Every structure is written in structure tokens, then in C-alpha cells.
Amino acid sequence: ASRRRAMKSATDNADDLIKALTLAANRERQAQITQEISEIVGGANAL
Amino acid sequence: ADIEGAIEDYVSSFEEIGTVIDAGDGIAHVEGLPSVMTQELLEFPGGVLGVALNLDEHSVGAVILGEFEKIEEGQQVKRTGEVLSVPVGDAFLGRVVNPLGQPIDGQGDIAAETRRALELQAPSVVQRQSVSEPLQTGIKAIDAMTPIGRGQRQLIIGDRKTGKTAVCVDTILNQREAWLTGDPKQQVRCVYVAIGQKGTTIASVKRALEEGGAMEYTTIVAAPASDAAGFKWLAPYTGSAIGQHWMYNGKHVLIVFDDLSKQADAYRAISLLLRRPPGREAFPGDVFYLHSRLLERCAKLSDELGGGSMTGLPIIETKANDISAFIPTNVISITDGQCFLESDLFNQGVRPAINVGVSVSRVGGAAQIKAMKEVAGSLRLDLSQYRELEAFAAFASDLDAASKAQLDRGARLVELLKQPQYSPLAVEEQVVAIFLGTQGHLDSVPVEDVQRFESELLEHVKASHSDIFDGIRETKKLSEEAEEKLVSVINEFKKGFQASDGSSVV
Amino acid sequence: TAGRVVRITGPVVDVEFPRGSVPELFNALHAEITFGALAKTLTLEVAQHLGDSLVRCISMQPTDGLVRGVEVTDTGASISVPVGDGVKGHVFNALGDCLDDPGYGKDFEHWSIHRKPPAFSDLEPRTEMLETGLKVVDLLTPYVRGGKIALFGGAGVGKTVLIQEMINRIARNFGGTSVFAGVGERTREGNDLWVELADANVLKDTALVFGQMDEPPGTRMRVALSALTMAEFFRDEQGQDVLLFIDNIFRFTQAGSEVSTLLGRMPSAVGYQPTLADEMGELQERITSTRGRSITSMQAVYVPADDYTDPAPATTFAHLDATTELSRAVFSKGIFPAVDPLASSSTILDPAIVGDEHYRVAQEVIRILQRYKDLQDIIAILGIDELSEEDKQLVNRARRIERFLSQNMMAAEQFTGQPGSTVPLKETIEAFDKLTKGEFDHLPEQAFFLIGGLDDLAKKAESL
Amino acid sequence: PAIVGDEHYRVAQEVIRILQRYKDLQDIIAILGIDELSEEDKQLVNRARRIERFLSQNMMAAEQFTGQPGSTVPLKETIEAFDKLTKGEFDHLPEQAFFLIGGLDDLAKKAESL
Ligand SMILES: Nc1ncnc2c1ncn2[C@@H]1O[C@H](COP(=O)(O)OP(=O)(O)OP(=O)(O)O)[C@@H](O)[C@H]1O
Ligand SMILES: Nc1ncnc2c1ncn2[C@@H]1O[C@H](COP(=O)(O)OP(=O)(O)OP(=O)(O)O)[C@@H](O)[C@H]1O
Ligand SMILES: [Mg+2]
Ligand SMILES: [Mg+2]
């Protein structure tokens, strides 16, 4: 019974950690896109 | 030799008309207008207005405010003679106006007292005064846990559909009792600024304020999602100017910016269209200034300047409740506290979804009335520890007597802070309600009925024992005699209260 | 002779002069705004020479209402601020105009806010610990008397409350002068600090130079130099010990970034000005203490989006003898002052300076907290119950150490109501030596929360 | 399989399969522990560690990285050794015996030295 409870808690924590890491990875994905575009258009504006 | 004189003569020589030479997606360049001021308001032939941002040697680059579709090359642009400014006055109460002060509610024109510039400096350090009197929001959670004082900047931050407008509309509605007093030192005037919100949501808000009798002291500055970036960029500033005209006259204003993340988006659009190199998340470096400039004018003026105040409830719409993003962090570092509304709590029926933990009020406490601070002093820590203990106990094999008592008290406190929309509570009713819970009088009531037991109980007090409410309202303190009378009334009511479970709540 | 305003781009104004009278860099120019409520004497600061006798300038007040062609007269000297003993006890803006007494300080000695840093031969390192009474600061991040201290932290983590706490702990009993420089913090906070210092009677010994957020970027970036010039006068001329509280120096860099965008300079990594390191060095190297005369400086550094890799904090990290990095994670657990014990550091946490006992206790605490951090990912999924029994014990005493680094700060009374407490350094070392050795790992964790000492620890333990 | 032969291809693909399964399991092992894996997966992990270490080799150009001289392993011997590993004939030897050896004879010598 304690293993059931502990593994349910572990699964819930893993799901919450997956959600947090997915939100993060989305933030760095958007930030990488932005930064790449900033570099590209900074080179463009100077040339 | 004579060239310098001759050239100088020319500069000297300068109802003057310029002509548009470029135009596109909000920005129009106007050659001529040698005597235009920076931030001057230029009127184009179709009644469209623009702000002269850049003043080059040659033409002037202006951000068009409104229908930029009607701006075309060769059109005549003529000065208004007024730096970026909007009409102000009491004629704006009960009206819906666009960021330029032009009415859009279909009623008549507004009789402005004067014109106020949108970019006047905020009160200096010596011109302000410590926030010392409360702005009752009518929300038990906010007025008990993170109280707002007049002159404070409180940030309503949360995700979509987390209940943020409501927490602002309820705050505006709760000022009707103060308005009916007729005392300028008590009346709180409201300016609800809608930036990029759906037109139907502005209509809803106006309907709610009308059915609550709140429009007779509220002004709505509407910049719906259909309007260009210029309107969504000015709307907070015109709202703050309407409010400032009252603030400097001794009146107390409540400004709601709904939502400042859309002003930031509009300013980002304008900046990128001006080809200004962006920074973090594509926002310009001025994006902080944009908001710091705006919320710094919400202040509690010193008694030398009439003692007026402007309270700001800026709204920020976080994405995936990421309170560490750029604009949210900027506004948190600008404002005096945040009411963080979580979508997790709000989806599970806890509405207002005030996350007690992250939510805080820096400037409050000094503003909270004595009775509320006495009854609600321990509420915040109790609720936070209850959330943590409920997270712990969800998987623990057993709960001690003290732990179970804490859990039972916290569940009833949460159910007590739960409150229906467009149903703000007077401060005395909130005092009694939080008294019911913090003093354990709810421990004998089943959780599911806490909302009803409370809701009915206040009615009884309004109907048969108003002396308690009158005392709390007048002396701003819950006296021990009134406390004993309230306890007696609570016990008397619990005898006749019919619980849903059937069991007596005595 | 005077010039003309040729281009206006927000708070940046281009002004053209006759070929023989182009002003030098950092000169102060005066223009006139004559429209209605915006009428003022606009103060510009020359930033670039664009050629053809044009000079690009940064406006100190908002340019709103300025017109092309208005006369601009150069003063021949840079923005000068009043300096002297009479400066103490008053509130100024970036331009030296007093706010409480509008005409005050017009006859004092005036000093340019632009000056070279002290020559390298005048600099010597400082290594004297400054006992604040905060457990975390005194143990893991010992502040340096005459050194440069910083309080990093995202939005709403307690930087300003720590600045107030260190004013209450250092400036309150300080024998010398103090200077507080708002550099883009709330005007409400400036007024609160003014009234608090007046109430504590510390105002008479401190000079305030605010230039807060509503100000344009020009003043928002020159206010730090103005306050630092007042402090430099108190240092070099009057021979006093000086406290220089700066709240917050990221707002100086941010104003610089805004100006750079307006000045036309190409953006750096993440939009900041290319001169970010140069400007920050110019500001910070002046805040150094010279050989025989000390200037203790404490600086709040806002970290945008809680990104401690942002170029501005990353640049300012190299200028500090002690750094206290406030963390959102520690804040969210209720552990005020919210210091990150692992990221914060000081240059004097060296056994030769703080002693072998202090160093040993600090390093053992850091080891325990680092091991706890390394286990954090497993603790997130499975909890302490899955760890080994040498790590389980370590994690328990790490949680107790983490909660014991918290303190009931004296500035936190306004929020909590609980009065503040001060822990002497020896008692802190003893308490943490005991905690790391496991002499308190049987008490509940909450017994260590916001307690401040061993006597209070025993008292609270009982209460629980 | 048409160029290197069916034996070489099979051994290479089995090694890659074992290593990919080990890479997938490394996340589990670091948190839930090896003891919670399946018996087959546990045996596979023990196989994969030895295979990773056996892919290491003391190259001649790296004498100044390790001190010991370089070694050359014929292709036939490599295929035979990895077929034995992937099939299990060396699960009894310690994994450190497979580190920087280069060949079956060196494997035996280093195992005896352990
Ligand atoms: N206290 C409450 N109790 C019950 N329902 C509520 C409460 N507050 C809000 N709601 C409902 O929740 C929904 C979302 O409310 P609201 O529009 O006020 O949130 P919001 O933050 O404005 O969302 P958005 O601005 O993203 O549209 C609405 O249907 C509203 O009626
Ligand atoms: N020691 C403390 N005890 C209790 N509450 C605290 C403490 N420190 C901070 N807080 C809470 O956190 C808030 C943050 O305070 P502070 O003004 O110092 O923030 P900050 O991180 O410096 O933010 P900003 O970016 O606006 O300068 C305080 O107003 C109070 O609400
Ligand atoms: Mg809404
Ligand atoms: Mg602060």
C-alpha cells in the first residue's frame, strides 16, 4: 500500500516536473528564436 | 562670407501646413511643420491624429493614432498646438472614451474642464505621503491578506481566465457606498482602462458597472483589440491623465489598466515599426520606462498638494503562470505588491484564485483598518501553511490531532475566502466573515456549507443586529463588547441554521 | 555663440553649433521649452560629436514640448552637483537641485559628476569584515568595510528590504557620512526612506540623490554619478568614512541601454549598449576605497527575468568584494533574507581573514547545502525516503541549515510585526558549527525559521 | 550486411541496440536505482557498461595520454570479442578490466591483474 502511495506521488511529481520542464523548454525555444532573429536583423540593419 | 548670413536669415524666417511623404502600418512621416513640438498632436485630413515622436531635420516621424488606413502621401498635416494631451474633467464620469478622450459610447460630446498633457512628471519624493488609508476592494482575500491602500500600485497578475478583471470590477463596484457619502475625502473615482480587450468584454464590464450603479463615478478608456497600436499604447496614459486631474484636485482615484501586457505588445509593435533594435523577448529597452513612467504617477500626494491619491490596479496576463517572465518582472519591480491569481486554484472552484503564498502587499498593512488587521492578522500564514500541509497529507499514511485540526481550519478558511463575482462586501461584513473563521466559529459547520452559513449569517446581522456593523464602520475597530455581541449572535444563528448534511451546526 | 536644436528623438537631442564653438563631451547645455505646463529649462548632456558641428546630447528632463531651432547655450562645464557638509540631511535630484528646499545648495562648492577614477597607485585591497548581524551574510558572505557589496535579486525578492536592513544595521551606528542614491527605484520607496531616516535621526548624517523611475533615462543614468560625486567629496576632501547605498544600479545600465538605442549605437548581445562594460566600470571603479580613506558601498542589482546570466549582472559581478544573490526559490520557501547560500560569495571568506573556525564552519555549511542541491532533483520525484542514510541525515540538517540562515530582519517588522534580532558573529559560528555536527537535528525544522540565534532557537523549539 | 558481412553487421547492430537501451535506461538508473530494473534490463546494463569500456582503446598516438603503448586489434578479433560480450561470455569479468586494453588477450591479462 505504501508503495502504491509513494509511486502515485512519484508519478504526480514526475508529471509536474515534466510540465515545468516543458514550459521551460518552450521559453528557451522562443528565446533562441528571438535571439537568432535579433542577430540576423542586426546584421541586416548594419549592411 | 555672405553665405552664413544668408543661410542664417533663412533659418530665422520660418496655420502652417506640412505634407505626408511616407506612410505605413502606423508610422507617417511629415515634411514641413518647422515649429512642431516633440510629442505634439498632429491632425491629418480625415480627423486622424498622430504623435510627433521623431523630429528629424527634414520630415517629422509621427505615430498615427487611429485609422492609419486613411493616411496617404501628399495629405495636409496641420498642428494642433497641444503637446500630446487629452481633455479632462468631471464630465468624463460615466463615459466610455477612446485613448484621445473622444467619446465612443454614442452619447453626446464631453464638456472638458481643460486639457492635460500625457507626459507630465510624477510627484517627487517630497511631494508624496505614506499610504495611510485603505481602498476596500470588497474581496475578502485581498482586503484581509494583501490589503490595498489609497496611492498604492497593486498588480493583478495571472493567466487567462484567472479572474482578474472581476477582481478589478468588484473593486470598482465596492466604491459605491463611498460615493454615496458625498465626501471627496471618501469618494473614490474609477478609471477602467481597457487595452486590447475584446469589445464585448468592455461592453460586459460597462454593463456590470451600470447594474452595480458604478458608472456614475467610473470612466472607461477603451482601446479594443481592433484598434491600432497607437491607441493601445496611449490608453493607460490617457487614463492616468484623467485620473491625475482628479488626484491633484484632492480627489481619490482608482485606475485599472486591463491589461498592461497588451500595452507592452502595442509599444513593441510601434518600436519595431520604427526599426528600434529590440532587447529581451523583442521588447525595446524603454518597455520598463513605458510602465515605470505610468505607474509612478499613481501616488498619495502630500497634504500640501491637496491630499489626493490615485490607486492603480495594473493587470498582467502571464503565460502558463510564469511570474518570472520579462514584463511580469518589470511590473512587479514597479508596483507595490501583486495579487497573483493562479489558474490551478481557479479551475478547481477557488475563486478569487489568490495564491496566498506568492501574493503580497508591500505598502498595505498601514492602510488596513484596525478591525480587519486584528481579525485577519494570522490568516495569511495559516492559509499558506495549510496549503503546504494539505500537499503533505495527500500522501501521508496518517495525520496527527494538531495536523488534522489545522487541515480542518484551513479548509474552512479557504471556503470562507471564496466569494461570488460582482458581489463585493463592505469592510465590516468582511471583518465579521473573517472573524467567523479565524476564531473557530466555522469549525462546527460542514465545509460545503461555510459559504452559505457565512452568507446567511451576515444577512441576519444586517437584518436584526446592525449595531455591530455600524460600530465597526464608525470606530474602525471591533470592540470587545461588540465582539461578545457578535459571538452571541453567531451562536444564536447556529441554532436555527439548517445544514445541508442535516446535522446541527451548534 | 549658441546653437540650434536640429533633431529630437525622444530624450536625445542633436544640436548644431558654429564651427568654432562646438562644446566638449559631457558639457551641460541649456535649452528652453516654452509651451504651457511643460515649460522648463531643459538640461542636455553632450554625448557624441556627429561632425559638421553637430553634437548629440542626452536630455536630463523629458524633451516633451521641445521645438527644432530653439537656442541652446553651453555652460562650458559638465553637470555639476553641490558638495559639502551642508549636503547632508537633504534630498537632491540628478542635477543637484534640492527637493525639500528648492533653492538650497546653489551657493555651495560645485563638483563635476564626471571625473577619472583614483589612480591605481592609490588603491589597496580591503579585507576587514563588516559585522551586520545577519547570520547568512556574516557566515557565508562576510561584507567588507570599505569594500564593494552587492545585493542581486529578481523582482520582489527583498533587495530593498536588505538595503533598509543594512541602513538600520550599518548606517544607524555609523560614525561617518552616508549617501543613498536612488537610480530607478520607486519614488514611493524614496519617500519612505526619507521619512524613515528622519524618524531614526539618521537623516542629518546622510545625503539622498534620487532620480527615480519616472525620470527619463538621462537623469536615470547620471543620478548614480551625482550621488557618487557627493560621496567622493566626503571621501577625498572631508576625510570621512562614507556609506554609499545604490538602489538599484541595473537601472543605470538599463537607462544606458535606452540612451544607446536612441543614440544610434548598434545593439549588443541582448539589446544592451556595446559600452555596457565600459560604462559600468566607469561608474564602479570610482566607488572604490583609496588607501587611507574608505567608501563602503552597497548596491542592489536587479536581474531581469531572474536571469543571472543577463549581461548587466554578469558585468557587475566582477566589481564586487561581496555579493549576496537573492533567489526566487529561497524567497518562495519563506526563507528571508532570501539569500542563495551557494551563489553568494565574498573575497574575505578566507581563513587568513575570517579565521579557521569561521572558514571551516562556512565551508561545511556550503558542502551540506551543495549536496542537498545535488539531491534536489531526486527529492523532487521520490522524496527523502529513498536516499541513503548518510544523505538522509545530510538532507535533514541541510534543511535545518537552510531555514536557520533565515532571520527576523529589523526592516521586516513592518511586514510581519515580529521585531528584528541581531546575532553576533561568534554566536552564528557556534550555532552553525553545532548544526553541521548534528547537535540540533532532532528539533522540528520550523523551530529554525526566522528565529535569529541559539537562545531564540531553544525558545521556539519549546514553543513547538 | 552486403559489404562487411552478416556476422560483422549483426554484432555491430546488437552492440548499438544494447547501447541505445542503456542510454534509455540511464535516466531511470540515476534516480530509481539499478535494483528496480528488470532482470533482463539489469543484465543488459551490465553488458552495456562493459561494451562502452571495451570500445575504448589504447591508441598509439595517445601514449602520452595514458603512458601505456598503443595496440592494434584485427577486425576478426573485434567482431569475435563483441559477439562474446553481447552474448554474455564476459559478464563475470569486472568492467574496469575492459578499459583501455584493445583485444581479448589484453582483456584476459587485465582481468588477471584485477
Ligand atoms: N469570483 C468568481 N466566482 C465565480 N466566477 C468567476 C469569479 N471571478 C470570475 N469568474 C468568472 O471567470 C471567468 C473569467 O473571468 P474574468 O474575465 O474576470 O477573468 P480575466 O482574467 O478577465 O480573463 P481574461 O482577461 O483573460 O479574459 C468569467 O466567466 C467570470 O465570470
Ligand atoms: N524579511 C522579510 N520579511 C517579510 N517579508 C519580506 C521580507 N523581505 C521581503 N519581504 C516581502 O517581499 C517584498 C519585497 O521587498 P523589496 O521591496 O525589498 O523587494 P525587491 O526584491 O528589492 O524588489 P524591487 O525589484 O521592486 O526593488 C517586501 O515588500 C515584502 O512584501
Ligand atoms: Mg479580462
Ligand atoms: Mg526595491
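Cut-offs used in this document
- Residues numbered from 1 in each chain as written, not as in the entry; some residues may be left out.
- Chains lettered and ligands numbered in written order.
- Part of a larger assembly, values for the part shown.
- Heavy atoms only, no water.
- Residues with missing side-chain atoms left out of burial classes, pairs and counts.
- UniProt positions renumbered as here; feature names shortened; annotations may be inferred.
- Near = heavy atom within 4 Å.
- Polar contact = N/O pair within 3.5 Å; in protein donor to acceptor, adjacent residues only side chain to side chain.
- Areas by Shrake-Rupley, 256 points an atom, 1.4 Å probe, with all protein chains shown as cover.
- Helix = DSSP H or I, 4+ residues; strand = E, 2+ residues; numbered from the N terminus.
- Nonpolar A, V, L, I, M, F, W, Y, C, P; charged D, E, K, R; others polar.
- Contact = heavy atoms within 4.5 Å.
- Buried area = accessible area lost by both parts, 1.4 Å probe.
- Salt bridge = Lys/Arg side-chain N within 4 Å of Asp/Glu carboxyl O.
- Buried < 20%, exposed > 50% of the residue type's maximum accessible area, 1.4 Å probe, protein only.
- Pairing = 2+ DSSP bridges.
- Axes fitted to C-alpha atoms, helices over the stretch in contact; angles between N-to-C directions.
- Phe/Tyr/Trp six-rings, centres within 6.5 Å; stacked < 30°, edge-to-face > 60°.
- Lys NZ or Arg CZ within 6 Å of the ring centre and 35° of its normal.
- Patch = residues over 30% accessible without salt bridge, like charges linked within 9 Å, V, L, I, M, F, W, Y side chains within 5 Å.

- For this coordinate set, the PDB header names cryo-EM as the determination method and states a resolution of 2.6 Å.

- By the naming in the PDB entry, chain D goes by ATP synthase subunit beta and is assigned to Mycolicibacterium smegmatis MC2 155.
- Its official PDB title, as written in the record, is "Cryo-EM structure of TBAJ-876-bound Mycobacterium smegmatis ATP synthase rotational state 3".

- Under the PDB entry, the name given to chain B is ATP synthase subunit alpha, and the organism recorded is Mycolicibacterium smegmatis MC2 155.
- As recorded by UniProt, the Subcellular location comment attached to chain B reads in full: "Cell membrane".

1. Focus: the site of ligand 2
And then number 1: Taken together, the neighbourhood of ligand 2 is formed by 19 residues, with C:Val157, C:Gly158, C:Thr160, C:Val161 and C:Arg186 sitting nearest.
And then number 2: In this structure, ligand 2 sits where chains B and C come together, each supplying nearby residues.
And then number 3: At 3.3 Å, a backbone N or O of B:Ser333 approaches an oxygen atom of ligand 2.
And then number 4: Within the backbone of C:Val157, a nitrogen or oxygen atom sits 2.5 Å from an oxygen atom of ligand 2.
And then number 5: Relative to its unbound accessible area of 630 Å², ligand 2 is 94% covered by the protein chains.
And then number 6: The set of elements that each furnish at least two residues to the shell around ligand 2 consists of α2 (159-171) and α12 (413-416) of chain C.
And then number 7: Sort the elements by how many residues they give to the shell around ligand 2 and α2(C) lands first, with three residues.
And then number 8: When grouped by side-chain class, the residues that make up the shell around ligand 2 number nine nonpolar, six polar and four charged.

2. Here's the deal with the interface of chain A and chain C
And then number 1: Facing the eight residues of chain A at the interface are four residues of chain C.
And then number 2: The contact between chain A and chain C buries some 410 Å² in all, and 75% of this surface belongs to carbon and sulfur atoms.
And then number 3: The tally of links between chain A and chain C comes to zero salt bridges.
And then number 4: Inspection of the region where chain A meets chain C yields two residue pairs in polar contact.
And then number 5: Residues of the side of chain A that touches chain C, tallied by class, amount to five nonpolar, three polar and no charged.

3. A word on the side chain of C:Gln299
Residues and elements named next belong to chain C.
And then number 1: Locating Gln299 in the fold gives a position in strand β16 (residues 295-302).
And then number 2: Accessibility expressed as a relative area gives 0% for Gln299, which makes it buried.
And then number 3: At 3.0 Å, the side chain of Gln299 and the side chain of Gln284 are in polar contact.

4. Topic: the interface of chain B and chain C
And then number 1: Listed by partner, the interface residues are 58 residues for chain B and 51 residues for chain C.
And then number 2: Elements with a contribution of two residues or more to the side of chain B that touches chain C: β4 (49-55), β6 (76-83), α8 (287-295) and α9 (326-334) of chain B.
And then number 3: Each residue belonging to the side of chain B that touches chain C can be placed in one class, and the counts come to 24 nonpolar, 20 polar and 14 charged.
And then number 4: Pairing of β4(B) with strand β1 (residues 3-9) of chain C involves two bridges; the strand directions are antiparallel. Across the sheet, the residue bridging to B:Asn54 is C:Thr9, located in β1(C).

5. Observations regarding the sheet that holds strand β8 (residues 91-92) of chain C
Residue and element names in this part refer to chain C.
And then number 1: The strand order across the open sheet built from eight strands is β8-β14-β13-β15-β16-β12-β17-β18, with neighbouring strands paired in mixed fashion. At either end of the open sheet lies a strand with only one pairing partner, and these are β8 and β18 (345-346).
And then number 2: Note that strand β13 (residues 177-182) and strand β15 (residues 242-247) share six bridges and pair parallel. By the bridge assignment for β15, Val179 is matched with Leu244.
And then number 3: With respect to the sheet, helix α3 (residues 187-200) is in contact with β8, β13, β14 (206-209) and β15, its orientation differing from that of β14 by roughly 165 degrees.

6. Structural notes on the site of ligand 1
Residues and elements named next belong to chain B.
And then number 1: All residues in the neighbourhood of ligand 1 are listed as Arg160, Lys161, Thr162, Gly163, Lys164, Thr165, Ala166, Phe346, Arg351, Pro352, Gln419 and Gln421.
And then number 2: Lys161 is positioned with one of its backbone polar atoms (N or O) 3.2 Å from an oxygen atom of ligand 1.
And then number 3: A distance of 2.7 Å is found between an oxygen atom of ligand 1 and a side-chain nitrogen or oxygen belonging to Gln421.
And then number 4: In isolation ligand 1 has 610 Å² of accessible area, and contact with the protein removes 69% of it.

7. Details of the sheet that holds strand β15 (residues 315-317) of chain B
Residues and elements named next belong to chain B.
And then number 1: Spatial strand order, β15-β10-β16-β17: four strands in an open sheet with mixed pairing. Each edge of the sheet is formed by a strand with only one pairing partner; in this case those strands are β15 and β17 (360-361).
And then number 2: Note that strand β10 (residues 155-158) and strand β16 (residues 337-341) share four bridges and pair parallel. Within β16, the position partnered with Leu155 by the bridge is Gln338.
And then number 3: In the packing of α9 onto the sheet, the strands contacted are β10, β15 and β16, and the crossing angle to β10 comes to about 160 degrees.

8. Digging into the pattern of salt bridges
And then number 1: Applying the stated criterion across every chain yields a total of 65 salt bridges over all chains.
And then number 2: For C:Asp14, the salt bridge identified is with C:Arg7, shortest N-O distance 3.0 Å.
And then number 3: Between C:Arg328 and C:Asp306 there is a salt bridge, with the nearest N and O atoms lying 3.1 Å from each other. Of this pair, C:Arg328 sits in helix α8 (residues 328-332) while C:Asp306 is found in the loop between β16 and α7 (311-316), placing the two residues 22 residues apart along the sequence.
And then number 4: Sharing partners across several salt bridges, the network here consists of B:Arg153, B:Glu296, B:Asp336, C:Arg186, C:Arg188, C:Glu189 and C:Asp192.

9. Re the packing of aromatic side chains
And then number 1: Overall, the coordinates contain 21 aromatic pairs over all chains when judged by the stated rule.
And then number 2: When the ring of C:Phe152 is compared with that of C:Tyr308, the centres are 6.4 Å apart and the planes differ by 40 degrees; the resulting orientation is tilted. Residue C:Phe152 is located in strand β12 (residues 148-153), and its partner C:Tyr308 is located in the loop between β16 and α7; the two are separated by 156 residues in the primary sequence.
And then number 3: One aromatic cluster is present, built from ring pairs that chain together D:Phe54, D:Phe82, D:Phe90 and D:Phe98.
And then number 4: The cationic tip of B:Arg268 hangs over the ring face of B:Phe283; the distance from NZ or CZ to the ring centre is 4.4 Å.
And then number 5: Here the basic side chain of C:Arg251 rests over the ring of B:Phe288, its NZ or CZ set 3.8 Å away from the ring centre.

10. Remarks on helix α3 (residues 164-173) of chain B
Think of an α-helix as turning once every 3.6 residues; residues three or four places apart then point the same way.
And then number 1: The element α3(B) is extensively covered by neighbouring structure, given that nine of its ten residues are classed as buried.
And then number 2: Buried within α3(B) we find B:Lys164, B:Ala166, B:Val167, B:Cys168, B:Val169, B:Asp170, B:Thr171, B:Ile172 and B:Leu173.

11. As for a nonpolar patch on the surface
And then number 1: On the surface, a cluster of nonpolar side chains totalling about 290 Å² of accessible area is made up of A:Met7, D:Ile28, D:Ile31 and D:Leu32.
And then number 2: Along the chain, D:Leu32 turns up in helix α1 (residues 6-32).
And then number 3: When its relative accessible area of 38% is taken as the criterion, D:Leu32 is described as partly exposed.

12. Describing the UniProt feature "binding site: ATP" in chain B
Residue and element names in this part refer to chain B.
And then number 1: As annotated by UniProt and renumbered to match this structure, "binding site: ATP" occupies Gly158, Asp159, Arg160, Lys161, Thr162, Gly163, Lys164 and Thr165.
And then number 2: Those residues within four positions of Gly158 in sequence are excluded, and the remaining contacts are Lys164, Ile316, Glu317, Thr318, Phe340 and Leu341.
And then number 3: Within the secondary structure layout, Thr165 lies in helix α3.
And then number 4: With sequence-adjacent residues up to four places away left out, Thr165 is seen in contact with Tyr192, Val205, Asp258 and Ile315.

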